[PDB]
Amino acid sequence: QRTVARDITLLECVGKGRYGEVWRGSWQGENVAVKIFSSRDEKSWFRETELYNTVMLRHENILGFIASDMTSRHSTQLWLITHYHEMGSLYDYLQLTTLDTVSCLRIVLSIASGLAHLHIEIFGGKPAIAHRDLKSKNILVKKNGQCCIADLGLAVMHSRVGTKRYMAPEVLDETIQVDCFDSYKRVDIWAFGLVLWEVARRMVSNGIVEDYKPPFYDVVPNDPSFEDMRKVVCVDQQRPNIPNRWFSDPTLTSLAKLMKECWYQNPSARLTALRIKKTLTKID
Ligand SMILES: COc1cc(-c2cncc(-c3ccc(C4CCN(C)CC4)cc3)c2C)cc(OC)c1OC
Ligand SMILES: COc1cc(-c2cncc(-c3ccc(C4CCN(C)CC4)cc3)c2C)cc(OC)c1OC
Ligand SMILES: COc1cc(-c2cncc(-c3ccc(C4CCN(C)CC4)cc3)c2C)cc(OC)c1OC
């Protein structure tokens, strides 16, 4: 009656970590990305699969789902198959690329667009979703200059912990209102503000650019501890540095104001993803 072609050729490993591996693969002549989960990270496969079984997200700034596959061995093998973005992660891309005003805005507005789509409840639709591990390694760069948000393995739907370097103060001081879905959107907005700082540093103005650095590179070690982060973010209330050169450039001046309004200690004071979008559409 019909052939179901399920073979995926694994061509090259583009990522290896505690999570497992990501591979460029081929299905029927077409590139796909294949995430092979470690035993350590099986719950991330279950959570993303449960979310996509609930709502088939389709958005230009969300990594495109193709399949969740569980295969029996004499162990269980868990694969997540998605769209493949050959330019790789935003983290990767910013190491070896500076930006002009148009490319910087296009990147950050595309991320805000993806994030607002996750956050919003649509009736008749989708449940509201918080990502809970937003960071530059979880954003991919598309050939058209927009990005897409990846990895919903920690996501929570309305209707474990994130990466410590990107944790909001209420996560680090354990005051987060855990019974309140809006709390998790506000944790994402904090992390978005850090990503906006990472990108803005790489935007050239008046012949000046900053080197790529991760948030808090100047105040915490590599693989900072929970306490290292708590001391910086909660006790001392430090925030990433805004260089003087930004204040000569109208775009970077506007982006500095936006990132400050993602970093309020009081989570309810932070901008919403929809307000960030609107502000970004009025810049330049
Ligand atoms: C099981 O596994 C995998 C399958 C596929 C795949 C390959 N060819 C055809 C299909 C297909 C889609 C949809 C229908 C419909 C048609 C209408 N009818 C009333 C209900 C069913 C049939 C067949 C699929 C889904 C790819 C995979 O990887 C990319 C798979 O592995 C994860
Ligand atoms: C998982 O992913 C991919 C799957 C496929 C694919 C292969 N066979 C058949 C299908 C299909 C056909 C028909 C319906 C509907 C149409 C209306 N009504 C009759 C109900 C059934 C659904 C599904 C698809 C979508 C192709 C892909 O790429 C070209 C995929 O992406 C990698
Ligand atoms: C963050 O998370 C996920 C990401 C992906 C994913 C999708 N497209 C492309 C990639 C990628 C491709 C290529 C490079 C490099 C290779 C060498 N080159 C010279 C520079 C670029 C890096 C990254 C990835 C890693 C898929 C996922 O799941 C299937 C992810 O998990 C949800």
# chains A, B, ... in the order shown; residues from 1 in each chain; ligands from 1
call {"tool": "closest_atom_pairs", "arguments": {"of": "chain A", "to": "ligand 1", "cutoff": "10 Å", "atoms": "only C-alpha atoms and all ligand atoms", "output": "tab-separated table"}}
result
residue	atom	partner	partner_atom_place_in_ligand_line	distance
A:2	CA	ligand 1	23 (C)	7.9
A:3	CA	ligand 1	8 (N)	6.9
A:4	CA	ligand 1	8 (N)	4.0
A:5	CA	ligand 1	7 (C)	4.6
A:6	CA	ligand 1	30 (C)	4.2
A:7	CA	ligand 1	28 (O)	6.9
A:8	CA	ligand 1	28 (O)	6.9
A:26	CA	ligand 1	29 (C)	9.1
A:27	CA	ligand 1	29 (C)	6.3
A:28	CA	ligand 1	29 (C)	8.6
A:32	CA	ligand 1	29 (C)	8.4
A:34	CA	ligand 1	29 (C)	9.9
A:66	CA	ligand 1	29 (C)	6.5
A:67	CA	ligand 1	32 (C)	5.0
A:68	CA	ligand 1	32 (C)	6.0
A:69	CA	ligand 1	32 (C)	5.0
A:70	CA	ligand 1	32 (C)	8.4
A:71	CA	ligand 1	32 (C)	9.6
A:79	CA	ligand 1	32 (C)	8.2
A:80	CA	ligand 1	32 (C)	8.3
A:81	CA	ligand 1	29 (C)	7.2
A:82	CA	ligand 1	29 (C)	9.0
call {"tool": "write_last_selection", "arguments": {"atoms": "N, CA, C and O atoms", "output": "CSV table (one decimal), in the first residue's frame"}}
result
chain,number,residue,atom,x,y,z
A,2,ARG,N,1.9,1.4,0.9
A,2,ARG,CA,2.9,2.5,0.8
A,2,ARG,C,4.1,2.3,1.6
A,2,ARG,O,4.1,1.7,2.7
A,3,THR,N,5.3,2.8,1.1
A,3,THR,CA,6.6,2.7,1.7
A,3,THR,C,6.7,4.0,2.6
A,3,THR,O,6.4,5.1,2.1
A,4,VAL,N,7.2,3.8,3.8
A,4,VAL,CA,7.5,4.8,4.8
A,4,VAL,C,9.0,4.9,4.9
A,4,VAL,O,9.6,4.0,5.6
A,5,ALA,N,9.6,5.8,4.2
A,5,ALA,CA,11.1,6.0,4.2
A,5,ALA,C,11.5,6.7,5.5
A,5,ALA,O,11.1,7.8,5.7
A,6,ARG,N,12.1,6.0,6.4
A,6,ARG,CA,12.5,6.4,7.8
A,6,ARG,C,14.0,6.5,7.9
A,6,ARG,O,14.5,7.1,8.9
A,7,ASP,N,14.7,5.9,6.9
A,7,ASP,CA,16.2,6.0,7.0
A,7,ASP,C,16.6,7.4,7.0
A,7,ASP,O,16.2,8.2,6.2
A,8,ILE,N,17.5,7.8,8.0
A,8,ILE,CA,18.2,9.1,8.0
A,8,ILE,C,19.7,8.7,8.0
A,8,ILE,O,20.1,8.0,8.9
A,26,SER,N,20.7,13.4,6.5
A,26,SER,CA,20.1,13.5,5.2
A,26,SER,C,18.9,12.6,5.2
A,26,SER,O,19.0,11.4,5.6
A,27,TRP,N,17.7,13.1,4.9
A,27,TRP,CA,16.5,12.4,4.6
A,27,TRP,C,16.0,12.7,3.2
A,27,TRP,O,15.7,13.9,2.9
A,28,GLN,N,15.9,11.7,2.3
A,28,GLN,CA,15.4,12.0,0.9
A,28,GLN,C,16.0,13.2,0.2
A,28,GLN,O,15.3,14.0,-0.3
A,32,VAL,N,18.7,17.5,7.4
A,32,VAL,CA,17.9,17.6,8.7
A,32,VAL,C,19.0,17.6,9.8
A,32,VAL,O,20.1,17.2,9.6
A,34,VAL,N,19.8,16.1,13.6
A,34,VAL,CA,19.4,14.9,14.4
A,34,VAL,C,20.1,15.1,15.8
A,34,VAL,O,21.3,15.0,15.8
A,66,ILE,N,10.5,18.2,13.0
A,66,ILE,CA,10.2,17.2,11.9
A,66,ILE,C,9.7,15.9,12.6
A,66,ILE,O,8.7,15.3,12.2
A,67,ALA,N,10.5,15.4,13.6
A,67,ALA,CA,10.1,14.1,14.2
A,67,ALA,C,10.7,13.9,15.6
A,67,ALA,O,11.8,14.4,15.9
A,68,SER,N,10.0,13.1,16.4
A,68,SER,CA,10.6,12.5,17.6
A,68,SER,C,10.6,11.0,17.4
A,68,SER,O,9.5,10.4,17.0
A,69,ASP,N,11.7,10.4,17.6
A,69,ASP,CA,11.9,8.9,17.3
A,69,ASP,C,12.4,8.2,18.6
A,69,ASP,O,13.4,8.7,19.2
A,70,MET,N,11.8,7.2,19.0
A,70,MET,CA,12.3,6.2,20.0
A,70,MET,C,12.5,4.9,19.4
A,70,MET,O,11.5,4.3,18.9
A,71,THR,N,13.7,4.3,19.4
A,71,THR,CA,14.0,3.0,18.8
A,71,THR,C,14.5,2.1,19.9
A,71,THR,O,15.3,2.5,20.8
A,79,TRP,N,15.8,10.2,19.5
A,79,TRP,CA,16.3,11.2,18.5
A,79,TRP,C,15.2,12.3,18.4
A,79,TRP,O,14.0,11.9,18.4
A,80,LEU,N,15.6,13.5,18.2
A,80,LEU,CA,14.8,14.6,17.8
A,80,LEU,C,15.3,15.1,16.5
A,80,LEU,O,16.5,15.4,16.4
A,81,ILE,N,14.4,15.2,15.5
A,81,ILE,CA,14.8,15.6,14.1
A,81,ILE,C,14.1,16.9,13.9
A,81,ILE,O,12.9,17.1,14.1
A,82,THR,N,15.0,17.9,13.4
A,82,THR,CA,14.5,19.2,13.1
A,82,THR,C,15.0,19.7,11.8
A,82,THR,O,15.9,19.1,11.2
call {"tool": "select_by_dssp", "arguments": {"residues": "region 81-176 of chain A", "states": "strand (DSSP E or B)", "output": "VMD selection string"}}
result
chain A and resid 81 to 82 89 99 122 126 129 to 130 139 to 141 147 to 149 156 to 157
call {"tool": "select_by_dssp", "arguments": {"residues": "region 79-194 of chain A", "states": "alpha helix (DSSP H)", "output": "VMD selection string"}}
result
chain A and resid 90 to 95 101 to 119 169 to 172 181 to 194
call {"tool": "residues_around", "arguments": {"residues": "region 165-168 of chain A", "least_positions_apart": "4", "cutoff": "7 Å", "atoms": "only C-alpha atoms", "output": "list in words"}}
result
residues 135, 172, 187, 190, 191, 224 and 229 of chain A
call {"tool": "write_last_selection", "arguments": {"atoms": "N, CA and C atoms", "output": "mmCIF file, in the first residue's frame"}}
result
data_model
loop_
_atom_site.group_PDB
_atom_site.id
_atom_site.type_symbol
_atom_site.label_atom_id
_atom_site.label_comp_id
_atom_site.auth_asym_id
_atom_site.auth_seq_id
_atom_site.Cartn_x
_atom_site.Cartn_y
_atom_site.Cartn_z
ATOM 1 N N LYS A 135 19.459 31.281 25.565
ATOM 2 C CA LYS A 135 20.876 31.683 25.556
ATOM 3 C C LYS A 135 21.347 31.640 24.109
ATOM 4 N N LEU A 172 18.153 32.471 41.244
ATOM 5 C CA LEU A 172 19.371 32.336 42.091
ATOM 6 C C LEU A 172 19.035 32.533 43.574
ATOM 7 N N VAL A 187 11.618 35.178 33.654
ATOM 8 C CA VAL A 187 12.951 34.542 33.643
ATOM 9 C C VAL A 187 13.483 34.512 32.210
ATOM 10 N N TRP A 190 14.725 38.144 31.218
ATOM 11 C CA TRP A 190 16.083 38.385 31.765
ATOM 12 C C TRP A 190 17.134 37.812 30.812
ATOM 13 N N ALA A 191 16.971 36.546 30.457
ATOM 14 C CA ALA A 191 17.938 35.853 29.582
ATOM 15 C C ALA A 191 17.979 36.517 28.204
ATOM 16 N N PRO A 224 30.573 28.904 35.962
ATOM 17 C CA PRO A 224 30.372 29.511 37.257
ATOM 18 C C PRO A 224 29.438 28.646 38.121
ATOM 19 N N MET A 229 27.156 32.976 40.743
ATOM 20 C CA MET A 229 26.122 33.784 40.067
ATOM 21 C C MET A 229 25.252 34.546 41.061
#
call {"tool": "residues_near_ligand", "arguments": {"ligand": "ligand 3", "cutoff": "10 Å", "atoms": "only C-alpha atoms and all ligand atoms", "output": "PDB file with C-alpha atoms, in the first residue's frame"}}
result
ATOM      1  CA  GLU A  12      28.714  14.782  10.356  1.00  0.00           C
ATOM      2  CA  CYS A  13      28.598  15.553  14.079  1.00  0.00           C
ATOM      3  CA  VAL A  14      28.047  19.351  14.553  1.00  0.00           C
ATOM      4  CA  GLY A  15      27.717  19.203  18.364  1.00  0.00           C
ATOM      5  CA  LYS A  16      28.693  16.988  21.308  1.00  0.00           C
ATOM      6  CA  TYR A  19      23.057  16.408  26.292  1.00  0.00           C
ATOM      7  CA  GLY A  20      24.332  13.884  23.698  1.00  0.00           C
ATOM      8  CA  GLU A  21      25.150  14.765  20.052  1.00  0.00           C
ATOM      9  CA  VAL A  22      23.721  16.790  17.136  1.00  0.00           C
ATOM     10  CA  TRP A  23      24.300  15.486  13.591  1.00  0.00           C
ATOM     11  CA  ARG A  24      23.762  16.870  10.153  1.00  0.00           C
ATOM     12  CA  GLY A  25      21.721  14.135   8.513  1.00  0.00           C
ATOM     13  CA  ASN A  31      19.435  18.180   5.239  1.00  0.00           C
ATOM     14  CA  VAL A  32      17.919  17.553   8.689  1.00  0.00           C
ATOM     15  CA  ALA A  33      19.430  18.002  12.151  1.00  0.00           C
ATOM     16  CA  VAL A  34      19.407  14.923  14.406  1.00  0.00           C
ATOM     17  CA  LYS A  35      19.802  15.305  18.173  1.00  0.00           C
ATOM     18  CA  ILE A  36      20.727  11.970  19.799  1.00  0.00           C
ATOM     19  CA  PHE A  37      19.992  12.247  23.563  1.00  0.00           C
ATOM     20  CA  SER A  44      14.471  16.773  27.673  1.00  0.00           C
ATOM     21  CA  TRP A  45      13.346  14.405  24.835  1.00  0.00           C
ATOM     22  CA  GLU A  48       9.862  18.434  23.996  1.00  0.00           C
ATOM     23  CA  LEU A  63      13.407  25.703  15.140  1.00  0.00           C
ATOM     24  CA  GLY A  64      11.187  23.593  12.889  1.00  0.00           C
ATOM     25  CA  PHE A  65      10.095  20.219  14.249  1.00  0.00           C
ATOM     26  CA  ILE A  66      10.207  17.184  11.941  1.00  0.00           C
ATOM     27  CA  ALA A  67      10.081  14.123  14.229  1.00  0.00           C
ATOM     28  CA  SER A  68      10.563  12.499  17.636  1.00  0.00           C
ATOM     29  CA  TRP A  79      16.262  11.156  18.495  1.00  0.00           C
ATOM     30  CA  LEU A  80      14.788  14.638  17.844  1.00  0.00           C
ATOM     31  CA  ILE A  81      14.791  15.594  14.147  1.00  0.00           C
ATOM     32  CA  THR A  82      14.485  19.247  13.113  1.00  0.00           C
ATOM     33  CA  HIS A  83      15.240  21.701  10.321  1.00  0.00           C
ATOM     34  CA  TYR A  84      19.022  22.103   9.710  1.00  0.00           C
ATOM     35  CA  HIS A  85      20.588  25.600   9.812  1.00  0.00           C
ATOM     36  CA  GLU A  86      24.046  25.325   8.277  1.00  0.00           C
ATOM     37  CA  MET A  87      25.219  28.721   9.722  1.00  0.00           C
ATOM     38  CA  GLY A  88      25.011  27.200  13.229  1.00  0.00           C
ATOM     39  CA  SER A  89      24.312  28.849  16.540  1.00  0.00           C
ATOM     40  CA  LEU A  90      24.286  32.592  17.260  1.00  0.00           C
ATOM     41  CA  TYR A  91      27.015  31.894  19.872  1.00  0.00           C
ATOM     42  CA  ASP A  92      29.208  30.374  17.085  1.00  0.00           C
ATOM     43  CA  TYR A  93      28.311  33.091  14.547  1.00  0.00           C
ATOM     44  CA  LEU A 134      17.259  30.910  26.470  1.00  0.00           C
ATOM     45  CA  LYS A 135      20.876  31.683  25.556  1.00  0.00           C
ATOM     46  CA  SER A 136      22.997  32.280  22.427  1.00  0.00           C
ATOM     47  CA  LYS A 137      23.862  28.533  22.026  1.00  0.00           C
ATOM     48  CA  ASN A 138      20.072  27.827  21.849  1.00  0.00           C
ATOM     49  CA  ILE A 139      19.536  30.279  18.932  1.00  0.00           C
ATOM     50  CA  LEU A 140      20.355  29.310  15.316  1.00  0.00           C
ATOM     51  CA  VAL A 141      21.209  31.719  12.479  1.00  0.00           C
ATOM     52  CA  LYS A 142      19.264  31.308   9.222  1.00  0.00           C
ATOM     53  CA  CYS A 148      15.242  30.787  15.349  1.00  0.00           C
ATOM     54  CA  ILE A 149      14.984  29.634  18.971  1.00  0.00           C
ATOM     55  CA  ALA A 150      15.933  25.983  19.653  1.00  0.00           C
ATOM     56  CA  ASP A 151      15.715  23.424  22.513  1.00  0.00           C
ATOM     57  CA  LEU A 152      12.341  23.185  24.263  1.00  0.00           C
ATOM     58  CA  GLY A 153      13.619  20.373  26.496  1.00  0.00           C
TER      59      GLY A 153
END
call {"tool": "closest_residue", "arguments": {"among": "A:42, A:198, A:179, A:50", "to": "residue 94 (chain A)", "atoms": "only C-alpha atoms"}}
result
A:198
call {"tool": "residues_around", "arguments": {"residues": "residue 241 (chain A)", "least_positions_apart": "5", "cutoff": "12 Å", "atoms": "only C-alpha atoms", "output": "VMD selection string"}}
result
chain A and resid 194 197 to 198 200 to 201 210 213 to 219 246 256 259 to 260
call {"tool": "atom_distance", "arguments": {"atom1": "CA of residue 132 (chain A)", "atom2": "CA of residue 10 (chain A)"}}
result
29.2 Å
call {"tool": "closest_residue", "arguments": {"among": "A:226, A:235, A:196, A:126", "to": "residue 161 (chain A)", "atoms": "only C-alpha atoms"}}
result
A:226
call {"tool": "closest_residue", "arguments": {"among": "A:75, A:39, A:169, A:58", "to": "residue 231 (chain A)", "atoms": "only C-alpha atoms"}}
result
A:169
call {"tool": "closest_residue", "arguments": {"among": "A:40, A:182, A:225, A:57", "to": "residue 17 (chain A)", "atoms": "only C-alpha atoms"}}
result
A:40
call {"tool": "closest_residue", "arguments": {"among": "A:158, A:30, A:188, A:163", "to": "residue 223 (chain A)", "atoms": "only C-alpha atoms"}}
result
A:163
call {"tool": "closest_residue", "arguments": {"among": "A:245, A:239, A:59, A:73", "to": "residue 193 (chain A)", "atoms": "only C-alpha atoms"}}
result
A:239
call {"tool": "atom_distance", "arguments": {"atom1": "atom 31 (O, counted along the ligand's line) of ligand 2", "atom2": "CA of residue 144 (chain A)"}}
result
20.1 Å
call {"tool": "closest_atom_pairs", "arguments": {"of": "region 100-192 of chain A", "to": "region 263-281 of chain A", "cutoff": "9 Å", "atoms": "only C-alpha atoms", "output": "CSV"}}
result
residue,atom,partner,partner_atom,distance
A:105,CA,A:280,CA,7.2
A:108,CA,A:280,CA,8.1
A:109,CA,A:277,CA,6.2
A:110,CA,A:277,CA,8.8
A:112,CA,A:277,CA,5.9
A:113,CA,A:277,CA,6.6
A:115,CA,A:273,CA,6.5
A:116,CA,A:273,CA,4.9
A:117,CA,A:273,CA,8.7
A:119,CA,A:273,CA,7.7
A:120,CA,A:274,CA,8.9
A:168,CA,A:263,CA,8.2
A:169,CA,A:265,CA,6.6
A:170,CA,A:267,CA,7.7
A:176,CA,A:267,CA,8.9
A:182,CA,A:268,CA,8.7
A:183,CA,A:267,CA,7.4
A:185,CA,A:272,CA,8.2
A:186,CA,A:267,CA,5.8
A:187,CA,A:267,CA,7.7
A:189,CA,A:273,CA,7.0
A:190,CA,A:263,CA,5.5
A:191,CA,A:263,CA,8.7
A:192,CA,A:273,CA,8.9
call {"tool": "write_last_selection", "arguments": {"atoms": "N, CA and C atoms", "output": "compact mmCIF listing (two decimals), in the first residue's frame"}}
result
# COMPACT_ATOMS: atom_id res chain seq x y z
N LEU A 105 19.71 44.51 14.24
CA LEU A 105 18.28 44.66 14.51
C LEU A 105 17.54 43.42 14.01
N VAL A 108 18.00 40.56 16.49
CA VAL A 108 17.33 40.65 17.81
C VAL A 108 15.82 40.73 17.68
N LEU A 109 15.31 41.38 16.63
CA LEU A 109 13.84 41.38 16.42
C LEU A 109 13.36 39.95 16.10
N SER A 110 14.12 39.15 15.36
CA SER A 110 13.67 37.77 15.05
C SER A 110 13.61 36.94 16.34
N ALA A 112 13.10 38.14 19.47
CA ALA A 112 11.92 38.66 20.18
C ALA A 112 10.62 38.10 19.58
N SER A 113 10.58 37.99 18.27
CA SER A 113 9.39 37.46 17.55
C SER A 113 9.17 36.00 17.95
N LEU A 115 10.24 34.54 20.63
CA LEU A 115 9.98 34.43 22.07
C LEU A 115 8.55 34.87 22.37
N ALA A 116 8.08 35.94 21.73
CA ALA A 116 6.70 36.41 21.94
C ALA A 116 5.76 35.31 21.46
N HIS A 117 6.08 34.63 20.37
CA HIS A 117 5.20 33.54 19.91
C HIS A 117 5.15 32.44 20.94
N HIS A 119 5.55 32.77 24.21
CA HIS A 119 4.88 33.29 25.41
C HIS A 119 3.37 33.45 25.25
N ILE A 120 2.89 33.72 24.06
CA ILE A 120 1.45 34.15 23.95
C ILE A 120 0.52 32.95 23.93
N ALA A 168 18.02 34.31 36.09
CA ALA A 168 17.53 35.56 36.68
C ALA A 168 17.75 35.56 38.19
N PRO A 169 17.74 36.76 38.80
CA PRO A 169 17.97 36.85 40.23
C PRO A 169 17.00 36.02 41.08
N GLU A 170 15.72 35.96 40.73
CA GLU A 170 14.70 35.23 41.51
C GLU A 170 14.95 33.73 41.43
N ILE A 176 11.61 32.97 43.29
CA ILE A 176 10.68 32.85 42.15
C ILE A 176 9.34 32.25 42.63
N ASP A 182 3.55 33.36 34.85
CA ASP A 182 4.18 34.61 34.38
C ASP A 182 5.63 34.67 34.92
N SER A 183 5.89 34.04 36.04
CA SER A 183 7.27 34.02 36.61
C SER A 183 8.22 33.49 35.56
N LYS A 185 7.93 33.39 32.22
CA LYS A 185 8.14 34.35 31.10
C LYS A 185 9.17 35.39 31.54
N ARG A 186 9.07 35.87 32.79
CA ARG A 186 9.98 36.94 33.25
C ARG A 186 11.42 36.44 33.37
N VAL A 187 11.62 35.18 33.65
CA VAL A 187 12.95 34.54 33.64
C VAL A 187 13.48 34.51 32.21
N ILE A 189 12.70 36.70 29.86
CA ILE A 189 13.03 38.07 29.44
C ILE A 189 14.39 38.51 29.98
N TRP A 190 14.73 38.14 31.22
CA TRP A 190 16.08 38.39 31.76
C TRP A 190 17.13 37.81 30.81
N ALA A 191 16.97 36.55 30.46
CA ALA A 191 17.94 35.85 29.58
C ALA A 191 17.98 36.52 28.20
N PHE A 192 16.81 36.90 27.67
CA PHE A 192 16.78 37.66 26.40
C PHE A 192 17.63 38.91 26.51
call {"tool": "residues_around", "arguments": {"residues": "region 251-253 of chain A", "least_positions_apart": "2", "cutoff": "8 Å", "atoms": "only C-alpha atoms", "output": "JSON, numbers by chain"}}
result
{"A": [101, 200, 246, 247, 248, 249, 255, 256, 257, 283, 284]}
